Each structure stands twice: as C-alpha cells, then as structure tokens.
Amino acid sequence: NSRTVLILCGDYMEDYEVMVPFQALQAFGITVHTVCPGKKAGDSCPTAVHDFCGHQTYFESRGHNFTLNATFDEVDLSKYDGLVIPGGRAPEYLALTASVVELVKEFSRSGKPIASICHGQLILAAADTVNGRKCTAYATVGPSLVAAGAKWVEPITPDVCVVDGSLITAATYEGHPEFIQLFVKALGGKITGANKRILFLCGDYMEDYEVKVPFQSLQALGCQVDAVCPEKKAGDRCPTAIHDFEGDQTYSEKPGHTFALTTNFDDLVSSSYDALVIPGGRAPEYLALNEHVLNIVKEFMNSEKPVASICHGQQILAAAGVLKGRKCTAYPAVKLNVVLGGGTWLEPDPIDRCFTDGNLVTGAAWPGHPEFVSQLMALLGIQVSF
C-alpha cells in the first residue's frame, strides 16, 4: 500500500520542477527523499526560475533555496520504487558526475519507473539508458537523446508528455499534471474521485510556490482547475513573488515565474465550482478589499463547499467575516487577522502543519503543501490507492 521515491537534485535545477513533484507526491501519500552528489541531508541547493520574456530562449533568476532531506552517499537504491529527475541547469553537470551516471544506470536496469522532465533527460543520455526508448524532453535536448538511440518525440506544445513502459518524460513544467499522473500510475497508483472543478483566487505577487504547487497537484489528480484575478481575463498573467527564509527576522522577496490566468473574473459562476483555493503572498492583502472577491468567498463558505487557504490567503477569509467561531491556522503574522476575524488560532509548529475545520482547510506557508493538498483531497473525496 505505499511507495518511496528518490529525487535526483542539483544546483540550479528548475525550482518548479523539483518542488511540484516533491510536494504533490507527498500529498498523495508517498515518501520522498531528495539528494544531491557531494551534499548531505539538510544542505541546500540554489534553484533557477526559468521563464519567458519574449526573447528567443528562457531567462533565468534565483528561486527558493531547496533543502535536501537525504544523503546521496548513503542512498540504498533497492529501497526506492521510483526516481524523479528535475530539469533546469543541474542535469547538464549531473550528467557528467560519475556517481550520478552509476545511480541512474542501476536504477534503469531494475525496470522501476523513472520520470524525467525538461533538461533532466541529459542524465539519461549520459547513462546510455534511452536506446530504443520513446521519450520527449525540452526541445534543445532532442539531438543528444537522438544520438543516444532514443525514439525522439518532438514536443509540439510545451505540455507534451510521453510514457514508454517504465520511462515517463515531459518537456517543461507546463506538462507537470500529466507527467506526475503518469508517474503515479507507473507506481501502481489508481486515482479515484478527481471529477472536481476548483477555482483559484489569484492576484499580483501571490507567492510563487503557493499558487503553482496546489494548482498543478490538483491537476495531476485529474481536477479541472481554474485561476481568476479581478480586472484580468483568460490568458492574462500575474507576476508572482518568491518568499524565502534567509536568516532575517522575516522573509525575503524576489520575482518568481509569471502565472497564466485561465478564466474571466466577471464571467465566473461560483455555483459551477466544487472548491476554492487561496494562495498566499502579497496578493491577499489587496484582494481582501475587492467586494466581488469577498462575495465569492461568502458563497462557498455558506454553501459548505471545501475552501483551502494558505499563509496570507486567510486575510481574505478574515475580511469576508467567514472566520467567526471557526478554527484555523495561517502565516504566523496573520494570526492578527484570524483573531480579529473572530477565529480560533491553531499553532503552525512546525510550519508545515495544516488543519481541517469542517469544510475549511488552512496551512501556514509553502512548506505545508503536502498536508494542505492531502487534507483538501480528503474533503473532495479524492484518493490515490496503491
């Protein structure tokens, strides 16, 4: 009934490509270990934000530091049911690290599932494990996979995934939902109950992980997931903020990935949605002022549909007056808004704790994604069974 999965990490792997699988898979009940050659449990890796700005290739800036939870030197490969390889700029050097090539060789000859995304596939080409195997990758990776005897599948769109028995591949983090889903299925997983429409209340400078990880995690299960922002329409984008904890008395801020909205705020019917999700960051403080944002929250809470809100997301719940006589957590500073909103505080120590009060699920910040999503799934009647 359970699984354990290894993620092969390195310096400047793409932030989304490690974090989404890492937390979506934990949310689904699987144990996940992260390793990097040369590093031990509790070391960190810098990450890359790869995005487009209309140049002929992607731009890069720094993402959240990513703290490993395991020690590469001590990994016993027989304890793992599958392997995940994030993209970004880590694979190109990990592909030349003898200890990584050996690990990947060994894991591939066991026949266990390997899910590899974007530049990840370079490590597979170096390990010579793709001969006669069908696979996609970031388009610039295709020549090397071709030269390694792969059956290359040109990614006609950025969300393309390929499955070839135990080999799962994707081109970019845009393919995360099908990529993760195909990997869960490869592990023997069966997903039930995912026929749900979910709405995300987004805004500018919401937190980069706190929108993308729950959004993709729920898509991977099979949910129809929509993202709205007042005054914007489908295909408009929201800048995002990366909040990290770099030793000051509060978090740091830098730009994250831009995030594509999918539907029109004015067009929305709340009745057609099964649940609401509220990312944190700096959008909730201003969304908390929009009446139509408050009306939507009031409708869900009234009708006892699941509402999941994380971190600063609870500022909109408090301002809507829907926290009265309710129990919830939030970012520690947002305890002010919870208590002032008539709510009872649940203490987020450690900061990845999440809580359920009837139809309301709350978390405190991005480390809490596994619990946040898991507890949302329980309210939605979604199960992953092995």
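Numbers for residues come from their place in the sequence shown, where the first is 1.
When the two stretches 236-244 and 162-170 are set side by side, the higher mean Cα temperature factor goes to 162-170.
Judged by mean Cα B factor in the deposited record, 285-293 ranks above the other of 285-293 and 86-94.
Within the selection 253, 207, 73, 178, the deposited Cα B-factor values reach their highest point at 73. Take 103, 310, 139, 122 and read off each C-alpha B-factor from the entry; 103 has the highest. The entry lists a Cα temperature factor for residue 277 that places it in the lowest third of the chain's modelled residues. Placement of the Cα temperature factor of residue 28 within the chain: middle third of the modelled residues, per the deposited record. Among all modelled residues in this chain, the alpha-carbon of residue 37 has a temperature factor (C-alpha) in the middle third.
Residue-level temperature factors show residue 215 in the lowest third of its chain, judged at the C-alpha atom. Ranked by Cα temperature factor within the chain, residue 331 sits in the lowest third according to the deposited record.
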